[PDB]
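> Mind having a look at this structure? Questions to follow.
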Amino acid sequence: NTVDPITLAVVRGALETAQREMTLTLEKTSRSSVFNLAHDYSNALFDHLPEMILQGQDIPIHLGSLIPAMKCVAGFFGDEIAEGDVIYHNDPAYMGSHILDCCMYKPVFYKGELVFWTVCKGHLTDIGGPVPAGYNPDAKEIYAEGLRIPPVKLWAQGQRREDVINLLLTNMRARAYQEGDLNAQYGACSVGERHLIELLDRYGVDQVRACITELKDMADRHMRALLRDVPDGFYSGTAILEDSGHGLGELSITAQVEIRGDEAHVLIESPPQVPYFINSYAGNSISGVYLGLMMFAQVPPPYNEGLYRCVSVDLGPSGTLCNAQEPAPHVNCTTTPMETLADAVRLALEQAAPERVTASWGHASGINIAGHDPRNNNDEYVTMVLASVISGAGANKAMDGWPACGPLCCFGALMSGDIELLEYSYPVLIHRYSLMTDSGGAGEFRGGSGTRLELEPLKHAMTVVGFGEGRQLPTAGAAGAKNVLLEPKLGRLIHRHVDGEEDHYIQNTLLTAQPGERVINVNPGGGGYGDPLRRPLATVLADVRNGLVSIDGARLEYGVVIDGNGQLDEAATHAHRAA
Amino acid sequence: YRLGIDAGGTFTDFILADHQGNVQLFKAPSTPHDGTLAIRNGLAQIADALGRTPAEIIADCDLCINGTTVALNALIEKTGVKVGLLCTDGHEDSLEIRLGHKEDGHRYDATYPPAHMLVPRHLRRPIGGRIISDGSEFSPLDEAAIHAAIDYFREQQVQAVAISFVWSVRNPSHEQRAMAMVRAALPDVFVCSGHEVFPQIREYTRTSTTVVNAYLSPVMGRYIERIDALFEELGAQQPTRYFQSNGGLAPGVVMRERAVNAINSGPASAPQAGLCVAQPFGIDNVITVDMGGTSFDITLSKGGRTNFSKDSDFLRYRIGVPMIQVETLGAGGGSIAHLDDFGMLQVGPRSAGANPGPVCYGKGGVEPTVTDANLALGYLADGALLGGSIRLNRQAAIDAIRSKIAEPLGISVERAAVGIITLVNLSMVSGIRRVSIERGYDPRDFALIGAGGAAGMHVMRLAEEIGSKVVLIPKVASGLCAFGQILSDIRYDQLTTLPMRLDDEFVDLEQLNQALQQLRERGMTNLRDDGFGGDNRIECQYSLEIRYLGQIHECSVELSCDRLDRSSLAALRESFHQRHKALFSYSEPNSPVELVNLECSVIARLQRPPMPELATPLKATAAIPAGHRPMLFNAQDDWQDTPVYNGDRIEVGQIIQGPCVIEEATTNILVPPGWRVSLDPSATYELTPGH
Ligand SMILES: [Zn+2]
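Here the protein sequences line up with chains B and A, keeping their order. Under PDB author numbering, the first residue of the first sequence is numbered 2, with each subsequent residue one higher. Under PDB author numbering, the first residue of the second sequence is numbered 6, with each subsequent residue one higher.
Now the structure itself:
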């Protein structure tokens, strides 16, 4: 109650400024824009005690993965850190991203007190699995995936812990990239500290932390006030995955959401964990459920822990797909299990909120991680993020869904590489990066169509996918989306310079390509909204002529039939609309 | 001998001057739908200054400089040219891809509906040919697709053709054959080409620029037909000149017509104007903050190359053509005191404007504004901002600040009044950062230059947070947007690409030098056909843009001597290293390998303009302290009787007393405590902490 409102807004806005400063430090140097996994990071400010005070949540893969991140990092180092130190980790012990996402932690000291932590993550090129992607389908003795890093100091009171930094430099296929990117993490964390120290100087911890507690309360009350306006009761969602574990079908994520007025409690109930890198751990599943929430409430605002003070989560017993402990020793996929998890949670929350039901996205389905010995006599490696960029922003009561949206597991902040940006940087021909026909949704509002990435190696190239869910696509739209006849993704290889056509169920083995041979993967599009017989007639005609839906499509999906004729045949239009 | 036209969209700024250097200002607002009103309805009034014939007197002007951004309006009005696209097979719809996502953060929503298309896949004609990263023709140009697409373009009534091919920036023969095929099909059809608009890397940006230029260029064509006719029929001796976003006057009478370099230029002269205001004071690096009740426009001149920009994104369309980097952030004077239902006093998102007006104006004003808090602080009394029906109400602002901001926030009327303004000033600080820190270093070295309208109410406060020692206020409020375009000389930006490594390999000196001197020849030819100043000295400053291996975004490097070799090659990297250092952290260099792009901008310094200046009799400034006003500056909390001065009768600058407000018939200047100000002969108030 002694929190001055003017100075409250000033404090929060200054924090927003520092967040942008750090995010830009990484944005233009980190190589995680079109070469490392694009925008697979979020920088965040955490409290004296491990509570997140502000996240500029740009990508939600770091939505609930950061809250119980500081718990174990800061709590395992009780008193024994000091000004100038950094802790570094990526491991999913009780937290953490897929272990290619590693991150640096710096605590801020002020005249002898610990005031807040700065956290700087970024997606790295390699982590040291037998597979250059780090995304390794052979998950025997799950230690096959790569190098796991518990809390280890890589800076100590202002100096490099060279002893260990060189332990981490090896076991990784990139060296200088890794090195520069850790340099950029230290830089970003340093400016994050400098501005905030300026804040403590202008205000004093007595003011900054008072206003911060107030902001946590503001987030808490905001989320609780929203929850007051949805009915109390027990709701559930259930959605499946089948193209998993050599394509073996498996049971669903059962997301029960129990809402009592101000608060909601979330149970998960997943099937048993697997010998595949799509196992999930604590922070991963937490981000999944939080994404279930965010997909229909709101994208924009600034974020902190307060938001989730009335959202309690319970993933179920350890050793299952959603909550693993050491019994599944590794995970590279915060993509495969999490998509189904997020769908289920959102389906529950929308079962409570018919007001805000949206259509499902394509999951992104589509990775292709490629590179090898170039024309430059070195190692050149990347994930073809392009292969997995765009499905379609589902479809809403008032939206066709943009086919320019990112991860498709996720809000969409991901950014594809441009062609020339890639053909100089990589020894390939990017043969096609075009958009699909009859790959999006079917409804009163259809979904966007996805990508066709057709890639050709110039001298030698390897191809790694392993990713699941490409034939049985549970992307179904809003209870009336039809999906009468549509193409999913196929991981296809044309080899031997003859019409190879080795069609792979997306869980691809390590493939290779010779000059002239082509690897193709496509991005399955988003769902549909409602009944497509109600999609505007001129709109369906345009959409067919636009070259995203064929006549063969239109006749069966929308009940708008075109012929080798001008407009649409008055009667052929309605003859097919019995249902 | 000079006329300048600054169509600002609210009024029209008409700038007229002769050998007196007198900044004679006229107004003539024009309908958004046709601009011939400014010319013919302004020239009648310039006849009224001496009593000379308005048809005769334009003949006495050696320059008619018209900055207008009707191309921006064309992008806005959903009005343009039905554009055909010639594109490379497999990448025909990349324009619609827009690199995945880039949209969350600048304009935002829950259900962002971005990217209304300029090409709808009806005009997305692919051509089967393909080349690669070194200029090798992997597959030849598909002339069949081109012919069929031309017939189809005739079918769909296409009006302009944009062409953007893969990797043509290093082997443009494919685009050249296609453009030849179109122009040689003998259609009355303007044709753009990638290598002839923005020949650099990142195809999406090149294609977007090409398609926008196809969308707009012939609109500017018709405009130049009408306006060249207007001015040459009104008696102008010299070719007409038009103000660009590069700071110079090319269009209409040159060998290159391109609207993409005319999009939202308008008041991009702001730094050119800032230096023309500040240079008699000896300030090297300056920042202008021009604002009205509409928005805030912030820009530097030098230091980090804030002088220019990167691949800009105009409104939803990615335009790469080099422009001066400025920041337009939010609503300024007539902005609303927004207070959300989330407990956050986020004053400043949306402009009340003049139409509902501030609560001051009473024309429908409900929400308190920056004007409303400004009056609540005692900065305005009777009405001294704009030339019309002003209708100054006062207490409604105080009570509205109370009940709409102060009362619900649990803060007093005085606190909310000061706080609205605090948050606005901090927003201006943030805008300053977007170009000062993000492109360089501590603004402590620069002078702010306020001008126009509401700037005088927040510059000082803003300077106090920015750290500027010197604040400059042109006494002629409209002087900034006038000087910066009137003193515009000839400026040609000529660019190209050259992937070449400076480290890890021996630089091919002959090749790098060749590309640099060829850009010089391109500049020489640009002036050859625009008009080369007679034994007039011109300058080409080189810029090389390089990066560390594996990064995406480069950094700029200045190049002074006109040819380059080893004894200055290594220092080149030094220029880069510190530069990268200055933007990111304190020690980067291990292998600053890759160079990407090369640029030379030729400047023909042709202006020989007159400027007004004063002289002084004595030391009195006796009768300026025009009464007193109860004023609250946030630093007192007692409302001292702070003095009010009449800015129009102030004798040649004598040192001013402490905290005060200077009101002129035109505008209003704050002077917070601790500052000392005098009116320099150059018609600029110098404000400096002399206390
Ligand atoms: Zn990641």
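Heads up, the beta-carbon is just placed ideally off N, CA and C, and yes, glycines get one too.
1) Does the count of Cβ pairs from the stretch 95-108 of chain B and the stretch 329-340 of chain B closer than 8 Å reach three?
2) Go ahead and pull the three-state DSSP assignment for B/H223.
3) Give the single residue among B/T126, B/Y282, B/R347 and B/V87 whose Cα lies nearest to the Cα of B/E194.
4) Given a cut-off of 8 Å, decide if B/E424 and A/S138 are closer than it, judged by their beta-carbon atoms.
5) Can you have a look at B/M416 and say buried or exposed, based on whether 16 or more other CB atoms are within 10 angstroms of its CB?
6) Give me every residue whose Cβ sits closer than 7 Å to any heavy atom of ligand 1, in chain order.
7) Give me the Cβ distance between A/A12 and A/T73, rounded to the nearest whole Å; I'm assuming they're in contact under 8 Å.
8) Check whether the Cβ of B/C406 lies closer than 8 Å to any Cβ atom in chain A.
9) Tell me the residue span of the beta strand (DSSP E) that contains A/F31.
10) Provide the residue span of the beta strand (DSSP E) that contains A/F158, from first to last.
11) Using a C-beta cutoff of 8 Å, does A/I416 count as contacting chain B?
12) For the alpha helix (DSSP H) holding B/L252, just list the boundary residues, first then last.
13) Based on the DSSP output, what are the partners of B/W118 in its beta bridges?
14) Quick check on this structure: which residue in B/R493, B/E215, B/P93 and B/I7 has the alpha carbon closest to the alpha carbon of B/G284?
15) How about A/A378 and A/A336: do their beta carbons lie closer than 8 Å?
16) Based on DSSP bridge pairs, tell me the residues matched to B/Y304.
17) Quick check on A/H696: does DSSP put it in helix, strand or coil?
18) Let me make sure I understand the geometry here. Which of A/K409, A/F248, A/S432 and A/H38 has the alpha-carbon closest to that of A/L68?
19) Could you give the first and the last residue of the continuous beta strand (DSSP E) run that contains B/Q186?
20) Is the stretch 216-223 of chain A touching the stretch 563-580 of chain A in the sense that three or more CB pairs, one from each, lie closer than 8 Å?
21) Which bits of chain B does A/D98 rub up against, with CB to CB less than 8 Å?
22) Of all Cβ atoms in chain B, is any one closer than 8 Å to the Cβ of A/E180?
23) Which of the three DSSP states, helix, strand or coil, is assigned to B/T438?
24) Can you name, in chain order, every residue of its own chain whose Cβ lies under 8 Å from the Cβ of B/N397, other than the five neighbours on each side?
25) Hey, how far is the Cα of A/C566 from the Cα of A/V187?
26) What residues of chain B sit near A/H558, judged by a beta carbon separation below 7 Å?
27) Can you pull out the residues from the stretch 202-233 of chain A whose beta carbon lies closer than 7 Å to at least one beta carbon of chain B?
28) Looking at C-alpha atoms only, which residue of B/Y236, B/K141 and B/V386 is the closest neighbour of B/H40?
29) Assuming A/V282 and A/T214 form a contact by the criterion Cβ under 8 Å, report the distance between their Cβ atoms to the nearest whole angstrom.
30) For the stretch 542-595 of chain A, list the beta strand (DSSP E) runs that are entirely contained and at least 3 residues long, ordered along the chain.
31) Evaluate contact between the stretch 227-237 of chain B and the stretch 340-353 of chain B, counting only Cβ atoms and requiring at least three cross-stretch pairs below 8 Å.
32) Beta strand (DSSP E) containing A/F319: first to last residue?
33) Under 7 Å Cβ-Cβ, which residues of chain B neighbour A/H106?
34) Name the residue from A/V86, A/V259, A/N251 and A/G257 whose alpha carbon lies nearest to the alpha carbon of A/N269.
35) Is the stretch 502-513 of chain B in contact with the stretch 459-470 of chain B, if contact means three or more CB pairs nearer than 8 Å?
36) I need the straight-line Cα distance from A/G339 to A/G424, nearest angstrom please.
Taking the definition as stated:
1) Touching, per the Cβ criterion.
2) Note: B/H223 maps to helix in three-state DSSP.
3) With distances taken between Cα atoms, B/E194 lies closest to B/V87.
4) Yes. Within cutoff.
5) The residue in question, B/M416, is buried, as its Cβ has 16 or more Cβ neighbours within 10 Å.
6) Residues flagged by the Cβ proximity filter: B/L38, B/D41, B/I62, B/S98, B/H99, B/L101, B/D102, B/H124 and B/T335.
7) About 5 Å separates the beta carbon of A/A12 from that of A/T73, a gap short enough to meet the 8 Å contact definition.
8) The beta carbon of B/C406 sits closer than 8 Å to some beta carbon of chain A.
9) A/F31 -> beta strand (DSSP E) spans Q29 to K32.
10) Per DSSP, A/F158 belongs to no beta strand (DSSP E); it is in the alpha helix (DSSP H), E148 to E160.
11) Interface residue, yes.
12) For B/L252, there is no enclosing alpha helix (DSSP H); the residue is found in the beta strand (DSSP E) stretching over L249 to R261.
13) Answer is B/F47 and B/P108.
14) Comparing Cα-Cα distances from B/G284 to each of B/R493, B/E215, B/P93 and B/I7, the minimum goes to B/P93.
15) Taking 8 Å as the Cβ cut-off, A/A378 and A/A336 do not qualify as a contacting pair.
16) Paired residues: B/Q56.
17) Reduced to three states, the DSSP call for A/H696 is coil.
18) Of the candidates A/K409, A/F248, A/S432 and A/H38, the one whose C-alpha sits nearest the C-alpha of A/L68 is A/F248.
19) First-last for B/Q186: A177 to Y204, but that is the alpha helix (DSSP H), not the beta strand (DSSP E).
20) No: fewer than three Cβ pairs fall under 8 Å.
21) Neighbours of A/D98 in chain B, taken as residues whose beta carbon is under 8 Å from its own, are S435 and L436 in chain order.
22) No, A/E180 lies away from the interface with chain B (no Cβ there is under 8 Å from its Cβ).
23) Coil at B/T438, not helix or strand.
24) Excluding sequence neighbours, B/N397 sits near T359, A360, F446 and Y530.
25) Each residue's Cα considered, the two are about 42 Å apart.
26) Listed along the chain, the chain B residues whose CB falls inside 7 Å of the CB of A/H558 are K29.
27) Residues passing the 7 Å Cβ filter: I206, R207, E208 and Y209.
28) Considering only alpha carbons, the answer is B/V386.
29) With a Cβ gap of about 33 Å, A/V282 and A/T214 do not count as contacting.
30) If only complete runs of 3 or more residues are kept, the stretch 542-595 of chain A shows the beta strand (DSSP E) at 543-552 and 560-564, in order along the chain.
31) Yes, the stretch 227-237 of chain B touches the stretch 340-353 of chain B.
32) Looking at the DSSP string, the run of the beta strand (DSSP E) that includes A/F319 is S317 to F319.
33) The answer, in chain order, is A405, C406, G407, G413, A414, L415 and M416.
34) Minimum Cα distance to A/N269 is reached at A/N251.
35) Contact between the stretch 502-513 of chain B and the stretch 459-470 of chain B is present, because at least three Cβ pairs lie under 8 Å.
36) Distance from the CA atom of A/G339 to the CA atom of A/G424, rounded to whole angstroms, is 16 Å.
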